[PDB]
Ligand SMILES: Nc1ncnc2c1ncn2[C@@H]1O[C@H](COP(=O)(O)OP(=O)(O)OP(=O)(O)O)C[C@H]1O
Ligand SMILES: Nc1ncnc2c1ncn2[C@@H]1O[C@H](COP(=O)(O)OP(=O)(O)OP(=O)(O)O)C[C@H]1O
Ligand SMILES: Nc1ncnc2c1ncn2[C@@H]1O[C@H](COP(=O)(O)OP(=O)(O)OP(=O)(O)O)C[C@H]1O
Ligand SMILES: [Ca+2]
Ligand SMILES: [Ca+2]
Ligand SMILES: [Ca+2]
Ligand SMILES: [Ca+2]
Ligand SMILES: [Ca+2]
Ligand SMILES: [Ca+2]
Ligand SMILES: [Yb+3]
Ligand SMILES: [Yb+3]
Ligand SMILES: [Yb+3]
């Protein structure tokens, strides 16, 4: 239950022409292109060629009021209007961008041209009207269904200003008469150009066939051409030109292959007439382990040049497993998932197989010492496939009571026990599949452990028969 | 008379399960000990009675007191009773997240299910109202209405799973909005199956009778202490035992920080409710609130069960203190209040005040060579630090009149060697000893006010000093008897003056 | 010409007690020095006039500007102006909490006592109104109303003690909810008794005239400097005298960070008020805002008392900036603006902008050596030719004081292009962290503007082609001279 | 760092007959094979000869820590391996199949015979369950 | 702590006219005790030659910290004792009287006579007020 | 600040054909010189002879980073100087002119001739443009 065609687009925020231009890349490179939501009020700005913010500007874009579509200096004018702490954190980020990146990033007054006003009139964002006259200047009050801020725009230069309605106090303990709406801008050939929202890639799914291409034909043969230890070849080969990512300088953590894919995306938009420059500046969300973003909708462009939109996280996961992670395509998910993200402390859950099927094991007076915890013995590659599941089951039952039935030893608290007891349950199925593959309480009595393993080793080896 | 609730009325406000309360009257009466409980989420009582597992210190998420999840520990803490509070809800979720991860396997989260009965209890409690039938993508749910204005709710007919979403136009304190999603609750791993958690019975404190802690002492060491010569050894020996089996407590792996008799009182309480039927496990999972020094909790109403088996319930902090002062700390019962009280709790930065008799008398009490040299340490934090010698800029001086002689003359006030003398002897020698450390300070206030108000500290010592001096004097028959003494000569020429003045 | 308030109208906006401002005039005139105050809680002015003590730095609790406690520093910081801001209130209470503890005995808290007179003042001030009586536990209490719907206040009849509680339903910012409890106010100890506290006049700045600073300089150190053969050692020793007796500030134990002449100023100011009858002690308790580097306060209305004893009140931060420039800073008056301006304040993380002339010229001047490195370190936050750090160290070679302007220019124009080259090649390790590409690409422009400026002063891409690629030789400097001629 | 060290203070105790946490080069290769490693007899002294200019035979924990210090360098690339495994497992069951590995292979340009594949799986296979799980798969690169 | 450790180093400069903060073993006791301790002439000579053996026998801050960081580990009982005092003080005046002592004693099983009780009080009583205040109670319970 | 050291570090990475960063006293100056510092060639002797008398003459880092911790304790007037510069520059054009220099000197009590201030400005002018900018003012004030 997703969305497709022009409909999925009308909700992706992406600019059609660019969207369209992306199909070509999706097919050609035969890979999936997934994007996060893109500020809708900023979609037209991108089309008009406004610059998009890179990782040097963490400020929050706005989706209401005049500043709609830009990165307000005053974060309380961003999508985070209200949310006292949200506003602040943003503000600090702007300040950092403005100071830590002097000359690169800056802030300029907001000038809504003639066309833009019209657009915001359609989106029912603001409504120009009543003329004003104060310090001998001509201003037009820009109307907004907001109750906290009262705006207006110069007629002499088209600058937008904003204060606070009658004794109406704002979030961060403030209040102020006609000010000026500053916006995050980057330096473009000496002049400061205002910024907008970029196109953030949720993830990129490249067909393994393509990941091969990425690999150097000569270096691949080195281990692929019947050297036969061959699997380890194609893997440690697939890892580099496929998995391994690395921190960049402007794009967060990205992979070589991805950088290329990136450039294609940007180049693609140019052919459309986009002057602003790049519109895809950083790595995929899947590498954003610091501050994971869980978005309800993810615009997806399949290698068939089609448009698909997810409606909820749970849904995106299915699509990714049904068409990507389970369809020969190279994929991986944000390592922070199913864990507490170090930055924003986000706990984003994602189906992870290595757990789904987690019913296995792994890390005088002789009991602590000896072979009682090495179930995984590499020297099992020679032992016939039968003796495998045969000696295996034993290695398991071997640990059934390694030093396990020490449960009621004394007072051994809730996890340890509930775990060794659970671990027990695991070994149970792990050994079950073995027996059940081709055959416990079906007949565990025939398994009496009192004598050393080397003793029953013979008894058991025949018990199953 | 202290305006505290009694019997049923106090019980109802207590939040404890009535049966559980009664079942406690036994331990209170029997073990002659006062039992004090902190408030218990009223919406949890029926969950506890019904045998819902209680949460331990491994789960800090806050309980809810509204909506379909009332009484439970909601993963999304905005559904907790902390709803709306952007910061609380945050500390909430993050705490719930560590519980799921750090103690993985032991604590998890499951979907909320409101059985037929619970939904009924909630309607009566006037919490939620079973709404109309709704059909969504095949499944059939009944809406669950609540005067909430940020969340819409509904329950499944198939499995009874309750769901919630943001209302149209509304936003979440965390700045979120989303469509129908199961409401998750904090569960513990009970025999491999995850069972939902609810509120426990957090003890505010326990006041056992002194005679009761006596039994805590092995009838041997009590002997090796009573059967001895020196009374100064008998009394000192007894006191130290009291501390051992009554006052001392240590941090436990799970119970937090309780004493031994406390761990027993717990085992007792838990077992008592087990008898009544409680099938959830323990109902009291950790030590008293008096050992919660990092994040103290100031509760207006404290439920109390006295050793007479009666039920009490203070209305406000001040009242609790009074009750505890008249019936416990003033009637031969072991008691000690939270150490962070009157201080700034390290964690929650709470500043909870509490009457400390000691302090009440610190006024008319001479400081100690330590309770001095230490004050001259912190009063050194509000100034830099380099060389005590030559405190100024002028290198033509590097000392102060009566510098350290003050501390010395202080400990000389508290000399154990005074037991060989008589009261009258001690009084006199002490009164004089008081005027000694006084003069030495009096003088230090006559050179240079060097530091802004170190002089404020010395105008203070002299304040206390005087009170003590006057105190001892008022036991026989200050400034008036101070101008009769001269301290420009020497120790061997002044003492031989005061000795007569007294009479 | 800047739209600013003046006289009476400016006074009423200062929050300062009239007689006190009137007293300050004399002082500003007497020591030809501009005295600029930050805003003063209006609802504190009477309190102050009344004789209520003001607060020092040992009390960071914010003052209230509403409710029956208006003017005082409530223990419960939610009753203060910082009402609502869950964090400011939390930090307020924390500060108030520390003040009670960390300064046990000197700073305490006490029940608010709204006497008969304050009630009237609050009525006229449109803050609260005494309402319908009400007995409780055998005691009389008149409900004090206010446009606040979170709390409800009441006052006793025996001790005029005010009490508050949460209004049913509403929840305190911190999430509390209680009933009738006393309103506690921060207080200091006075001869043994705890006395309530109110706001203190906070100086935004003290700009004395250079002539006023000289007096600070001992008539010896100055003479020694003035009378020196060397011209440079003199000039320097002259600036040091200025710094040491004028600019230099030091941390005091209770007055915050302020200079010694500023300390004198404070005393003068407090001595001034005490003479007009004020009895609460000091009314000015700490250095100027320009030293509040940790928690800078960007106020819109600064009250100014210029050397003529006149009253002025700027309307906005920019206007305040103009006034300082056209009447103080570029007019023979010692002045220094908060060092945290144009940067992110450490404590409150504030970014208050201010016009620094030095940056205006950064564009044309070329970086020194330490400026090259201190931009390779601070630049190494978001992440082998040391010849550049050297060349720059040559351009600013303090040995050029023997050469002539004609000469200096010549060698500076060279030493400069030397860098514009050792920097042009660095831009040739293919690339390197593109965040460094712009630094040099900017530094190049910074060197271009500099040389091309030293040229229009005598005779850039052209004169560059007169390249001296020559690997290692001074012959470069030779063909150089030949180009100009 | 914690997780970066607690990985030793949790195993350097189950195998040590010394009430002071001081073992010997004896179990040196025993603890390591219990921590995930699998060094050969050859690889034991050859390393405890340089950094260990002492050679007393009795090694405690302080020496044990400093040892596996820079050891977990490139060999700590388990992350990419784990993500690699999820690439093979198409059905996300937790194990790799023949049709899977074969599929993955027949997609990387290396057409494998319906015979060779089954050979590979069995190579790293330990349980004989006709599959390979992470616990096993990891062994493939740990060696 | 920032205060606990800021007191020893603080009282250190109370009687050390030498600059190099090198107090003598003679003025040591006058310091190690001028503060919350009353050790015997033994420790003054028992540890003065252990951590202090540079010839003369002088003492500096780092050395003082060593000594203080020793028999100042169990002295933490200060808390418990304090609480204990509060137990005897029934009326809560801040002083233990000859009649409350009888209570705590008898209730703890140890029945005593007015003669005996009144004796213990006087024993702990130092200023002769006729009762025991915290300060007194502390010494008598520790020293 | 931590940046301070981060800066001094940048110095080494520049000229250090040693690797680990152990430049001797033969290039020590080549560090502070191009890093805002003009200490006497003499003080470089006794200092690099006291904290660095190991008999190797190799200045790693602490021997530098730490030794450095001294000058920036008194002459750290870097702030005041920048403050003073703004005082002279009345018009606020970033440079100190003869005229401006006059006013400051005049107002401080020292009357000068339009010939002198120009002598003073010229003596302070390094790039020979007739005006003194912050950099030059620092040179003039630091050196
Ligand atoms: N590949 C990545 N590597 C590191 N961090 C990343 C990566 N992708 C995203 N992030 C982190 O996520 C943050 C969100 O991106 P940002 O550009 O600020 O948002 P946005 O998608 O433009 O949203 P607005 O429209 O501005 O709200 C930026 C960065 O801290
Ligand atoms: N005896 C104790 N020792 C240490 N910490 C304690 C003790 N008693 C309480 N605490 C601290 O106080 C915290 C409050 O308990 P908690 O279980 O979170 O509350 P609760 O009483 O269940 O309240 P909710 O109904 O969940 O709001 C838990 C723990 O960090
Ligand atoms: N000279 C200074 N040195 C150090 N800190 C300073 C200085 N001047 C101001 N501050 C800082 O700014 C803080 C603001 O002063 P404070 O006394 O709290 O405000 P106030 O002006 O009385 O405002 P309210 O009336 O309480 O709102 C106090 C102190 O941390
Ligand atoms: Ca599979
Ligand atoms: Ca297998
Ligand atoms: Ca008493
Ligand atoms: Ca006494
Ligand atoms: Ca100028
Ligand atoms: Ca110049
Ligand atoms: Yb982005
Ligand atoms: Yb609890
Ligand atoms: Yb102030």
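Here Swiss-Prot sets the residue numbers for chain B, with the shown residues being 292-768, 773-798 in order.
Every residue, even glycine, has its Cβ placed from backbone N, Cα and C.
Binding of 3',5'-cyclic AMP is attributed by Swiss-Prot to B:577, B:578, B:579, and the same site annotation extends, among B:548, B:611, B:620, to B:548. Counting Cβ atoms from all protein chains shown, residue B:578 (3',5'-cyclic AMP binding site) has 25 others lying within 10 Å of its own Cβ. Around residue B:351 (active site, proton acceptor), the C-beta neighbours below 8 angstroms that are at least 6 residues distant in the chain are B:386, B:387, B:390. In this view, the densest Cβ surroundings among the binding-site residues B:491, B:493 belong to B:491, judged by other Cβ atoms lying within 10 Å. With 4 residues not built between them, residue B:768 and residue B:773 have C-alpha atoms separated by a whole-number distance of 12 Å.
Other residues of the chain with a Cβ within 8 Å of the Cβ centroid of B:548, B:577, B:578, B:579, the 3',5'-cyclic AMP site, are B:494, B:540, B:543, B:546, B:547, B:549, B:553, B:580, B:581, B:582, B:583. Compared over the binding-site residues B:548, B:579, the count of CB atoms lying within 10 A of a residue's CB peaks at B:579. The 3',5'-cyclic AMP site in the record is lined by B:548, B:577, B:578, B:579, and its two most distant CA atoms lie 8 Å apart. Other residues of the same chain near the Mg(2+) site, with their Cβ within 8 Å of the Cβ centroid of B:491, B:493, B:577, are B:345, B:346, B:347, B:348, B:492, B:494, B:575, B:576.
Counting every protein chain shown, the number of other Cβ atoms lying within 10 Å of the Cβ of residue B:577 (Mg(2+) binding site) is 21.
Straight-line distance linking the Cα atoms of residue B:493 (Mg(2+) binding site) and residue B:579 (3',5'-cyclic AMP binding site), rounded to a whole number, equals 7 Å. Helix first, then strand, then coil: DSSP counts for the region 'Catalytic CA2' (B:490-622) stand at 57 helix, 17 strand, 59 coil. In this structure, the C-alpha atom of residue B:491 (Mg(2+) binding site) lies 12 angstrom from that of residue B:578 (3',5'-cyclic AMP binding site). You'll find the Cα of residue B:548 (3',5'-cyclic AMP binding site) roughly 7 Å from the Cα of residue B:577 (Mg(2+) binding site). DSSP labels the residues of the region 'Catalytic CB' (B:350-489) in these numbers: 29 helix, 51 strand, 60 coil.
Helix, strand and coil counts from DSSP across the region 'Catalytic CA1' (B:294-349) read 26 helix, 9 strand, 21 coil. Using a CB-CB cutoff of under 8 Å against chain F, none of the recorded positions from B:351, B:491, B:493, B:578 qualifies.
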